[PDB]
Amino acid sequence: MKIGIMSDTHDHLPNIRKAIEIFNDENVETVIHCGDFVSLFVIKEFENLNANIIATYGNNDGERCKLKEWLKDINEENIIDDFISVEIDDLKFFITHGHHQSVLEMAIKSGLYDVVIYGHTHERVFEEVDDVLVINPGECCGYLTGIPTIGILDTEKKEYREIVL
């Protein structure tokens, strides 16, 4: 009943596959990817992940059009949009690739969501501001920090734990 979080994979196939496995060798009902898969060929890797997908467009994702199409092919359920407001296990979520500072700032500070997930910065963070769970899974490629990471959230007991690759 736990969900997986990832972001900014930047075509790093190895780490993408590593991550996909991990998300399978564990429940992970669904998986959130807020960053830049970036290239189309990346989607074909996901047609090998058990959980479904809730993704958000990154500033580097050049093919938004075919990206959503291919994602649907992998599964009708899968969904991708600039922003994503949803709920799971009674929790209110708001997902978005770092990007738009203000919209992110506002979401967290609005207090209309239980959890706020985002990427873009490549800076993995996991704090709680005013009972709002703010999560940045960090960069899956690990290119800009040398530390590739993903994360798994427990919608149940609300416990998040990082996973270095």
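Note that residue numbering follows the sequence shown and begins at 1.
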item	value
Higher-scoring stretch by recorded Cα B factor average, 142 to 150 or 17 to 25	17 to 25
Options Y118, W70, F41, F37 - largest CA temperature factor per the record	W70
Chain third (lowest, middle, highest) by recorded CA B-factor, residue given as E159	highest
Modelled-residue ranking by C-alpha temperature factor, third containing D61	lowest
Cα B factor band for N136 (lowest, middle or highest third within the chain)	lowest
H33 by Cα B-factor - lowest, middle or highest third of the modelled chain	lowest
